[PDB]
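Below is one structure, written out as structure tokens; comments come after it.
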Amino acid sequence: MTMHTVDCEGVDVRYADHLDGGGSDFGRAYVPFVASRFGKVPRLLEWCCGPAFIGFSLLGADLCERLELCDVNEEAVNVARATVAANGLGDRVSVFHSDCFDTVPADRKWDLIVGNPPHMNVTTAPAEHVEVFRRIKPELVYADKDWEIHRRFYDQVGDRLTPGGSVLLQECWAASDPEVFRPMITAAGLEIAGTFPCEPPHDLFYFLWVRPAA
Ligand SMILES: Nc1ncnc2c1ncn2[C@@H]1O[C@H](CSCC[C@H](N)C(=O)O)[C@@H](O)[C@H]1O
């Protein structure tokens with residue numbers, strides 16, 4: 001109910017706790033990594049954006065010319081727009097309410113697609129895991145039962161990438177590893193170009209660099 005702000009690379013990002021997925025903490029890993037391995041990209045998209053701590057920080061550090069944001073939760077889309085307006089970022093940001101890419105403008109393609117998705121397949125996750133989040137966080141924040149959100153995403157993302165565009169997801173060692181996603185990446189016509197464990201103090205997390213296969 002109450003709106004807070006947290007500075008994400010100069011952007012005052014508006015959020016509510018129950019929409020917070022950790023992007024203002026371990027999502028901070030994104031700026032140094034993207035700045036070393038990609039430099040500034042013209043068109044960046046943050047999937048599963050929520051309040052877009054990650055996106056706004058990439059924008060705020062001048063790692064993208066345009067930043068676009070999309071999430072399935074309409075409350076997330078609206079809090080994200082609020083942040084656009086309160087930071088005067090209207091000319092450089094677009095927010096889309098969509099389940100993965102189902103209702104994202106059909107023309108839209110990106111050079112880099114980042115994202116802090118629901119991290120855990122609650123079907124197979126350890127009991128101790130699921131219970132820690134069932135009592136703390138809305139199910140939309142953490143739960144990808146049978147990895148189905150991931151599967152729709154990877155199946156759709158091929159046609160959403162500009163020539164030479166890549167995907168760079170931030171995942172959780174506790175709930176997955178690269179091999180878990182390899183079959184759905186290969187099926188979709190993509191490949192794992194790299195796995196980069198995040199450095200301390202976010203080494204619970206790793207980046208997955210995916211891109212269309214040869
Ligand atoms: N099918 C789907 N399509 C788009 N977004 C989805 C989705 N399923 C879940 N999400 C969103 O994905 C986010 C994962 S939690 C991550 C929140 C935010 N990016 C942060 O770093 O804090 C949630 O906001 C959830 O609403």
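Indexing begins at 1, ligand by ligand and atom by atom, following the structure's order. We count residues from 1, following the sequence as given.
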Out of all atoms in ligand 1, which are within 4.0 Å of some heavy atom of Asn73? Include the element for each.
26 (O)

Can you tell me the protein heavy atom closest to atom 3 (N) of ligand 1 and the distance?
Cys100 N, 2.9 Å

Does one side chain, of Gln170 or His202, offer a donor that lies under 3.5 Å from an acceptor on the other?
no

Nearest non-hydrogen contact with atom 10 (N) of ligand 1 belongs to which option: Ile54, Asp99, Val72?
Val72

Test item: side-chain donor near acceptor, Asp102 and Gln156, under 3.5 Å:
yes

Considering only heavy atoms, does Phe153 approach ligand 1 within less than 4.0 Å through its side chain, its backbone, both, or neither?
neither

Would you tell me which option among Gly22, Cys48, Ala76 has the nearest heavy-atom contact to atom 17 (C) of ligand 1?
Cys48

Is the distance between the ring centroids of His119 and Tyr142 less than 6.0 Å?
no

Are there more than 12 heavy atoms of other residues, nucleotides or ligands under 6.0 Å from atom CG of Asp91?
no

If you scan protein heavy atoms around atom 26 (O) of ligand 1, the nearest is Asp71 OD1, 2.8 Å

Could you give me the CA-CA distance, side-chain angles and deciding distance for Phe101 and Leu45, then say whether side-chain contact (heavy atoms from CB on, under 4.5 Å) is met?
CA-CA 11 Å; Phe101 295 111; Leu45 169 78; 3.6 Å; yes

Nearest neighbour in protein (non-hydrogen) for atom 14 (C) of ligand 1:
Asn116 O, 3.4 Å

Taking only non-hydrogen atoms of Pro118 and a 4.0 Å limit, the atoms of ligand 1 in range are 9 (C), 12 (O), 14 (C)

Mode of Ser98 contact toward ligand 1 - side chain, backbone, both, neither (heavy atoms, under 4.0 Å):
backbone

State the atoms of ligand 1, each with its element, that fall below the 4.0 Å cut-off from a heavy-atom position in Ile149.
1 (N), 8 (N)

Within a strict 4.5 Å, meaning less than it, do heavy atoms of the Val167 and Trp209 side chains meet?
no

Under 3.5 Å, is there a donor-acceptor pair linking the side chains of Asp146 and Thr123?
yes

With a 6.0 Å cut-off on the ring centroids, do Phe196 and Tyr206 count as close?
no

Give the single entry among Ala80, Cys49, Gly50 that approaches atom 19 (N) of ligand 1 most closely by any heavy atom.
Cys49

Would you say the side chain of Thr103 lies within less than 4.5 Å of the side chain of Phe96, judging by non-hydrogen atoms?
no

Nearest non-hydrogen protein atom to atom 25 (C) of ligand 1, with distance, is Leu140 O, 3.3 Å

List the atom of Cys48, the atom of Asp71, and the distance in Å for their closest heavy-atom pair.
C-OD2, 3.1 Å

Find all atoms of ligand 1 within a distance of less than 4.0 Å from any non-hydrogen atom belonging to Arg152, and give their numbers and elements.
1 (N)

With heavy atoms of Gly23 as the reference, note each atom of ligand 1 found under 4.0 Å away.
20 (C), 21 (O), 22 (O)

Quick one: does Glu46 get a heavy atom under 4.0 Å from ligand 1?
yes

Nearest protein heavy atom with distance in Å, relative to atom 15 (S) of ligand 1
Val141 O, 3.1 Å

Return the residue, atom name and 0.1 Å-rounded distance of the protein heavy atom closest to atom 22 (O) of ligand 1.
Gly21 N, 2.7 Å

I need the contact type for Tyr142 against ligand 1. Using non-hydrogen atoms and a strict under-4.0 Å cut-off, is it side chain, backbone, both or neither?
neither

Crowding at CG, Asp159 (>12 non-hydrogen neighbours, <6.0 Å):
no

